[PDB]
Amino acid sequence: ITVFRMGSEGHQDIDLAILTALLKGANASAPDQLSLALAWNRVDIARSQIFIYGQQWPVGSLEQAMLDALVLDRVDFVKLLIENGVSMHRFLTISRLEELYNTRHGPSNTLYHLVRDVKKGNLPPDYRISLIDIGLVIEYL
Amino acid sequence: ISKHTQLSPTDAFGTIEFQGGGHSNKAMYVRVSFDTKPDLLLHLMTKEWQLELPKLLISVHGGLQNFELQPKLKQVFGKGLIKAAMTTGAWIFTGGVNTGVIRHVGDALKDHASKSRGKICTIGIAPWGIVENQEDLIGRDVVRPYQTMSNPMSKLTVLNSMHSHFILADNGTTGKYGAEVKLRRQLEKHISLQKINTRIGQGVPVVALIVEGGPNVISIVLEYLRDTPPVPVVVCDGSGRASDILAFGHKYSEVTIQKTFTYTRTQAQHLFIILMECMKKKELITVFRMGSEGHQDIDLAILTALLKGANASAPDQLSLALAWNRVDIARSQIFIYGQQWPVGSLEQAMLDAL
């Protein structure tokens, strides 16, 4: 139970009060709270509630969070994770780049049409785009 | 063993770039032993690192434990420290690792760099055995990346970013504290004895800043006071630890049951000897408080300590202010009611200022 009041309570905003109840009330780990905040597209909540003194993050959780934030076009979350120890020199690999190039959780783009035109309209439906096709598209453009 | 090691030359000196933080900082690092003479270190800092002699030296001490500070107190402290270090050419000596007050000064430097020009010379003197990754720091005269991300289970502390230079002190042991205090003290003493460009005869002034602290902080401040050239001390009352008890003892001085705070072995252990020595040499000690008294600015508090703490004449204070290029300090502190200036001092000051 989380009571509300306009006086002594720091959470004088019901907007802050409602969201904080779902975080501490779930009794979930830091990755789960970060995933919920990323889904809600609330970066202030993650900055204030999640990233605190000694969160003892597990090994590889922040890289997975960065991978999940990149495909969702969450620029503020990418900046926050970069500010919290995540380095792109070790995060980025060929496999992760290919996974990024084959995402669907974002605004529509015209990449597939260019790939089909370059490949002379021979790709089958549900085609797996590789880095060589991207290189061919770049050379054509 | 009795510190039985091999006196081999250093195999680690160069530049490290921190990967993981939100900024791009380059820190020159050199590892040495604890027996290195201060003169050679000063020569290395003045020539290899291309650092001119400072006009002020700030020594920051605190509690090595990872404490926390009240909001709006760590902001004014950071603003005052940054302004004092930026307005004049000063050096800042810290532990170097990312624990305690060093994290707060790193945050203050983080805020400063994004909102202003110029550079601040912050030097960290840390033991070699405590760095989390002793390896990946061996490339001599080369750039080697360093990872800012740390994990609790490593039992070791990573080097704090936003530090311009490092001097790793090694004695043979690994994973233990207490191998760089003597070197830092000797380096400070040797730097103080160096003569500034003024012809009055003043040396490089030294001040000490105390936050949080602990049982060792009382001994450190007593040692600083007992030095033949007294060193002024600035204490933050809002920290909570032995700095707060130092402020508590500062008031209504020249109270044993009120002194009992269970920070030591109950009432069976009392630090009254060292505490009363410090309170006997209490004219040099300066305290700070947000709005309770004057000098609400850390920048003003630090500079005023070096003026009244030197016990020097008005020409000496004017020369120091002229060197620091602070005219407000001279207007407020120096030029006051009846300074009885000597004959010809003001003309010499005008000649030096022109």
# chains A, B, ... in the order shown; residues from 1 in each chain; ligands from 1
>>> interface_residues(of="chain A", to="chain B", cutoff="12 Å", atoms="only C-alpha atoms", output="PyMOL selection string")
chain A and resi 52-60+62-63+78-91
>>> select_by_dssp(residues="chain A", states="helix (DSSP H, G or I)", output="VMD selection string")
chain A and resid 14 to 24 30 to 40 43 to 50 61 to 71 75 to 82 88 to 91 94 to 101 111 to 118 131 to 140
>>> select_by_dssp(residues="segment 73-309 of chain B", states="strand (DSSP E or B)", output="number ranges by chain")
B: 90-94, 97, 121-127, 131, 143-147, 157, 159, 165-170, 195, 203, 206-211, 233-236, 285-288
>>> residues_around(residues="residue 174 of chain B", least_positions_apart="3", cutoff="10 Å", atoms="only C-alpha atoms", output="list in words")
residues 127, 128, 129, 130, 131, 134, 170, 171 and 177 of chain B
>>> atom_distance(atom1="atom CA of residue 5 of chain B", atom2="atom CA of residue 175 of chain B")
16.0 Å
>>> residues_around(residues="residue 96 of chain A", least_positions_apart="5", cutoff="12 Å", atoms="only C-alpha atoms", output="mmCIF file with N, CA and C atoms, in the first residue's frame")
data_model
loop_
_atom_site.group_PDB
_atom_site.id
_atom_site.type_symbol
_atom_site.label_atom_id
_atom_site.label_comp_id
_atom_site.auth_asym_id
_atom_site.auth_seq_id
_atom_site.Cartn_x
_atom_site.Cartn_y
_atom_site.Cartn_z
ATOM 1 N N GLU A 63 24.620 -4.949 -21.534
ATOM 2 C CA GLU A 63 24.747 -5.125 -22.978
ATOM 3 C C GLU A 63 23.429 -5.579 -23.596
ATOM 4 N N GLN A 64 22.714 -6.482 -22.923
ATOM 5 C CA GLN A 64 21.401 -6.894 -23.410
ATOM 6 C C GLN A 64 20.422 -5.726 -23.394
ATOM 7 N N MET A 66 21.234 -2.560 -23.759
ATOM 8 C CA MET A 66 21.614 -1.710 -24.884
ATOM 9 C C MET A 66 21.111 -2.285 -26.203
ATOM 10 N N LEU A 67 21.214 -3.605 -26.372
ATOM 11 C CA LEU A 67 20.711 -4.235 -27.589
ATOM 12 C C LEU A 67 19.203 -4.058 -27.716
ATOM 13 N N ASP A 68 18.477 -4.176 -26.601
ATOM 14 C CA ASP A 68 17.030 -3.989 -26.638
ATOM 15 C C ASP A 68 16.653 -2.533 -26.889
ATOM 16 N N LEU A 70 18.523 -0.276 -28.619
ATOM 17 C CA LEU A 70 18.891 0.145 -29.969
ATOM 18 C C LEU A 70 17.780 -0.152 -30.968
ATOM 19 N N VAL A 71 17.160 -1.331 -30.870
ATOM 20 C CA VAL A 71 16.134 -1.710 -31.836
ATOM 21 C C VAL A 71 14.835 -0.943 -31.627
ATOM 22 N N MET A 88 30.953 0.798 -26.549
ATOM 23 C CA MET A 88 30.614 0.286 -27.870
ATOM 24 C C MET A 88 31.745 -0.505 -28.512
ATOM 25 N N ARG A 90 33.414 -2.915 -27.197
ATOM 26 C CA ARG A 90 33.253 -4.314 -26.823
ATOM 27 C C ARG A 90 31.846 -4.836 -27.067
ATOM 28 N N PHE A 91 30.843 -3.956 -27.038
ATOM 29 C CA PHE A 91 29.465 -4.381 -27.256
ATOM 30 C C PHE A 91 29.234 -4.809 -28.700
ATOM 31 N N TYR A 101 20.466 -4.985 -38.114
ATOM 32 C CA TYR A 101 20.035 -4.746 -39.486
ATOM 33 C C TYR A 101 18.777 -5.516 -39.865
ATOM 34 N N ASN A 102 18.333 -6.466 -39.041
ATOM 35 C CA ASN A 102 17.159 -7.276 -39.340
ATOM 36 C C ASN A 102 16.061 -7.092 -38.295
ATOM 37 N N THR A 103 15.963 -5.897 -37.718
ATOM 38 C CA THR A 103 14.947 -5.633 -36.712
ATOM 39 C C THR A 103 13.659 -5.129 -37.363
ATOM 40 N N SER A 130 22.392 -10.027 -44.939
ATOM 41 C CA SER A 130 23.751 -10.119 -44.428
ATOM 42 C C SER A 130 24.490 -8.808 -44.688
ATOM 43 N N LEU A 131 25.732 -8.743 -44.204
ATOM 44 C CA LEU A 131 26.516 -7.521 -44.357
ATOM 45 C C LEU A 131 26.996 -7.325 -45.790
#
>>> atom_distance(atom1="atom CA of residue 99 of chain A", atom2="atom CA of residue 136 of chain A")
18.2 Å
>>> residues_around(residues="segment 257-270 of chain B", least_positions_apart="4", cutoff="10 Å", atoms="only C-alpha atoms", output="count of residues only")
9
>>> closest_residue(among="A:120, A:14, A:20, A:65", to="residue 32 of chain A", atoms="only C-alpha atoms")
A:65
>>> residues_around(residues="residue 73 of chain A", least_positions_apart="4", cutoff="10 Å", atoms="only C-alpha atoms", output="PyMOL selection string")
chain A and resi 68-69+77-78+105-107
>>> write_last_selection(atoms="N, CA and C atoms", output="JSON list (two decimals), in the first residue's frame")
[["chain", "number", "residue", "atom", "x", "y", "z"],
["A", 68, "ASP", "N", 18.48, -4.18, -26.60],
["A", 68, "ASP", "CA", 17.03, -3.99, -26.64],
["A", 68, "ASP", "C", 16.65, -2.53, -26.89],
["A", 69, "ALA", "N", 17.46, -1.59, -26.39],
["A", 69, "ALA", "CA", 17.16, -0.18, -26.59],
["A", 69, "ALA", "C", 17.49, 0.30, -27.99],
["A", 77, "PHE", "N", 17.81, 6.26, -23.63],
["A", 77, "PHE", "CA", 18.27, 5.08, -22.92],
["A", 77, "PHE", "C", 19.66, 4.65, -23.38],
["A", 78, "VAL", "N", 19.94, 4.80, -24.68],
["A", 78, "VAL", "CA", 21.29, 4.52, -25.17],
["A", 78, "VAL", "C", 22.30, 5.45, -24.52],
["A", 105, "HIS", "N", 11.20, -3.40, -34.90],
["A", 105, "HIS", "CA", 10.57, -2.58, -33.87],
["A", 105, "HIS", "C", 10.88, -1.10, -34.04],
["A", 106, "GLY", "N", 10.63, -0.57, -35.23],
["A", 106, "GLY", "CA", 10.92, 0.82, -35.50],
["A", 106, "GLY", "C", 10.12, 1.38, -36.66],
["A", 107, "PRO", "N", 10.37, 2.64, -37.01],
["A", 107, "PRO", "CA", 9.66, 3.25, -38.14],
["A", 107, "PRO", "C", 10.01, 2.58, -39.45]]
